[PDB]
Amino acid sequence: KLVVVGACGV
Amino acid sequence: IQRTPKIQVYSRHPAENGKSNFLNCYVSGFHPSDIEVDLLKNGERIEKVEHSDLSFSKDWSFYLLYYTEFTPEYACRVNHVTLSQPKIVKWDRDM
Amino acid sequence: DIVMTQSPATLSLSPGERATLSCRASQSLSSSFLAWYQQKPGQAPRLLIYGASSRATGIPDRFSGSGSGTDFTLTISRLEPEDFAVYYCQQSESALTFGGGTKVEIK
Amino acid sequence: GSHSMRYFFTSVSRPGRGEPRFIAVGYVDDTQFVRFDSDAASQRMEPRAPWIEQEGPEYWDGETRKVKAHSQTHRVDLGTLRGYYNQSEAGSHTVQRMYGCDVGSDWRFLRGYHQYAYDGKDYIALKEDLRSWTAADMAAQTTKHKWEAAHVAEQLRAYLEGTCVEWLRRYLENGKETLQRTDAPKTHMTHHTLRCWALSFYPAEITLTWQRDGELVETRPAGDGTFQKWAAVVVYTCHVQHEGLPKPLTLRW
Amino acid sequence: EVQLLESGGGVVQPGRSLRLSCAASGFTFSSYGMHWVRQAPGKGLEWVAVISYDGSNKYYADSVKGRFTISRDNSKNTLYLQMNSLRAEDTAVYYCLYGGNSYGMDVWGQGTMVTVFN
Ligand SMILES: *CCC(=O)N1CCN(c2nc(OC[C@@H]3CCCN3C)nc3c(F)c(-c4nc(N)cc(C)c4C(F)(F)F)c(Cl)cc23)[C@@H](C)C1
């Protein structure tokens, strides 16, 4: 499954 | 950061005359992502090309697989920013 | 944050008349995550449309949903006396967000 | 053998043709099992393996939510990175992100990856300790400081250690017929220069060598879940070593 | 028969905590994420909180952030909402909802009233 939190980038 | 794609043309199964098979062109190690890959028979492009969806390797360069139905000249034509002129690679049974 | 604006705020239609309600999303939405609910004055909300186009179980044929992207619409082909309630639009792509709600009343 | 799950995300900025194009792919070992394309009509996570279709619609709902969140993040990321680099708005730019986990033969956690690249060059890489970042250029310092202020390293570490490993185990158990399979490479020699061919094997890891008294091509997908490779030497035995081979094979003309 | 039943609502003075409990019967509670949604009397529906199927991921609205805590316990098949520092803005009818999906299955609780005054 894809990650929920931590996808925030740059 | 521009990278010249590497092109490989091959059949899914060992080519035999009068047998159903799949012609594949594999383009690997290019940047940027955009690229034009057309499989052509006797110099005429096949309209029924279906390609695997985009991905990349560890070194951040992409690869794609364009495959069609056929029966064993066929070739793969690749156009990219690095290539000044579109590059044709002719399919052959031996290698 | 996703913001859904519903129009009109209120609807004044006689029974048997066409009803069109609009829900506009702040950003582009997957069409599979929009839903349309009907709430009576004294009950809990009831799901009419899911997926912006598919009716739920036991929903009359007059209810229909359409649209994609940012703008969506709900249409009642022929109003019925029981169809007068408050209609909300909901998105579920990120968290949940209900619209303001359009109340339809008899003229 | 060690099995790995990876996710690759590519976001390409289109100058005026519309919103940037976003593609997400999920791989278990060398087999793709999901796919998201921004320009596809469905705009949902699509299955690309027979076993993954067994998952209920709530799984696809969650996957679509996560992948659209990733799409929005990358769409913002292109603009913020162009601002960081002070680049012109005219050119197109590419952003790549890869993350995943590995499990050993004992199916416990062994390694975790998180990597972010801008224009085909490394930008921000989670270290092997899984508690720190590696930043190369000046904008990468700002990105690292923002990420550390967001405490995202701990969340990513927790994900990679627990959720990625557990769901990799679940996927492998579901796909025992396909994912947990080794195919012996069918090997044969052609003489013209001798070309040693290994065809229809899985996984893609193979080693072909040529010895005299003791060219190569990257393994290409056959298209049906198996791979091909060949090694040619111009004139002597070809030795093929594979995971599915009890002992490596030797071929002489 | 699918059913959601909520208890714990009543009159509360400001600045005090209240607990809401929603019990689910007739469907696999452990697989789905659940929402708490409130409606002020005469006002439109407002989303309050959401929790995932593990209980690992929980999110709250901007208005109720920092004072509301959502929880779930799959052993007793229960979904709890703990409301702290209740104010005059927090009066509403609360519902526990299994919805916000694409396959069209939704269940709404009866809804319990939370009123804040002295
Ligand atoms: C840093 C990673 C990132 O980009 N995000 C943004 C998207 N996201 C997220 N964020 C919220 O917050 C809601 C905000 C805060 C208060 C105001 N409001 C707009 N909520 C999320 C969710 F509720 C979900 C979610 N949604 C539904 N419908 C069901 C379920 C089970 C969930 C969830 F899994 F989270 F439990 C999601 Cl998927 C994401 C939400 C994060 C990814 C952080």
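Quick look at the structure, then.

Criteria and cut-off values
Residues numbered from 1 in each chain as written, not as in the entry; some residues may be left out. Chains lettered and ligands numbered in written order. Heavy atoms only, no water. Helix = DSSP H or I, 4+ residues; strand = E, 2+ residues; numbered from the N terminus. Rg over C-alpha atoms; globule rule 2.2 N^0.38 Å. Buried < 20%, exposed > 50% of the residue type's maximum accessible area, 1.4 Å probe, protein only. Areas by Shrake-Rupley, 256 points an atom, 1.4 Å probe, with all protein chains shown as cover. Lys, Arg positive; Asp, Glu negative; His and termini not counted. Charge placed at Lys NZ, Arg CZ, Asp CG, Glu CD. Pairing = 2+ DSSP bridges. Expected span 1.5 Å × (residues − 1). Disulfide = S-S within 2.5 Å. Contact = heavy atoms within 4.5 Å. Buried area = accessible area lost by both parts, 1.4 Å probe. Salt bridge = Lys/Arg side-chain N within 4 Å of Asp/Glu carboxyl O. Polar contact = N/O pair within 3.5 Å; in protein donor to acceptor, adjacent residues only side chain to side chain. Nonpolar A, V, L, I, M, F, W, Y, C, P; charged D, E, K, R; others polar. Near = heavy atom within 4 Å.

For the rest of this paragraph, the subject is the overall build of chain B. The secondary structure content of chain B amounts to zero helices and nine strands. Helices and strands appear in chain B in the N-to-C order β-β-β-β-β-β-β-β-β. For 95 residues, the compact-globule estimate of 2.2 N^0.38 gives 12 Å, and the C-alpha radius of gyration of chain B, at 13 Å, lies within 12% of that figure. Summarising its shape, the C-alpha atoms of chain B cover approximately 45 × 25 × 25 Å along the three principal directions. Burial analysis of chain B (95 residues in total) assigns 46% to the buried set. For chain B, the accessible area works out to roughly 5,100 Å², and carbon and sulfur atoms hold 47% of it. Between the averaged position of the 12 positive side-chain charges in chain B and that of its 13 negative side-chain charges there is a distance of 3 Å.

The next point concerns the sheet that holds strand β2 (residues 21–28) of chain D. All names here are of chain D. Pairing within the open sheet is antiparallel, and its eight strands lie in the order β4-β3-β2-β1-β5-β6-β7-β8. Both edges of this open sheet fall to β4 (46–47) and β8 (133–135), since each of them pairs with a single strand only. Bridge analysis of strand β1 (residues 3–12) against β2 gives eight bridges, and the strand direction is antiparallel. Looking at β2, one finds that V12 is bridged to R21.

Once that is clear, we can look at helix α1 (residues 57–85) of chain D. The end-to-end C-alpha separation of α1(D) is 42 Å, in line with the 42 Å expected for 29 residues at 1.5 Å each. Trailing α1(D) by a residue or two, D:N86 shows a phi angle of about 55°, which is positive.

All right, on to the state of the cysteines then. Residues and elements named next belong to chain C. Enumeration according to the criterion identifies five disulfides over all chains in this entry. Across a sulfur-sulfur distance of 2.0 Å, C23 and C89 are joined as a disulfide pair. Across the disulfide from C23 to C89, rotation about the S-S bond amounts to roughly 65°, and the bridge is consequently right-handed. Of this pair, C23 sits in strand β3 (residues 19–29) while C89 is found in strand β8 (residues 86–91), placing the two residues 66 residues apart along the sequence.

For the rest of this paragraph, the subject is the interface of chain D and chain B. Between chain D and chain B, the residue contacts involve 35 residues of the former and 24 residues of the latter. Taken together, both faces of the contact between chain D and chain B bury some 2,400 Å²; the carbon and sulfur share is 55%. When the area that chain D buries against chain B is broken down by residue, the three leading residues are D:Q96, D:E218 and D:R220, summing to 20%. Inspection of the region where chain D meets chain B yields three salt bridges. For the interface between chain D and chain B, the tally reads eleven residue pairs in polar contact. Among the residues forming the side of chain D that touches chain B, the class breakdown is 15 nonpolar, ten polar and ten charged.

Neighbouring residues of the ligand: 14 residues in total, closest A:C8, C:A95, E:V50, E:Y59 and E:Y60. Those chains with residues close to the ligand are chains A, C, D and E. C:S92 places a main-chain nitrogen or oxygen 3.3 Å from a nitrogen atom of the ligand. Measuring from a nitrogen atom of the ligand, one finds a backbone N or O atom of C:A95 at 2.9 Å. Computed on the free molecule, the ligand has an accessible area of 840 Å², of which 78% lies beneath the protein chains in the complex. Put simply, the parts of the chain that give the shell around the ligand at least two residues each are α1 of chain D together with β6 (58–60) of chain E.

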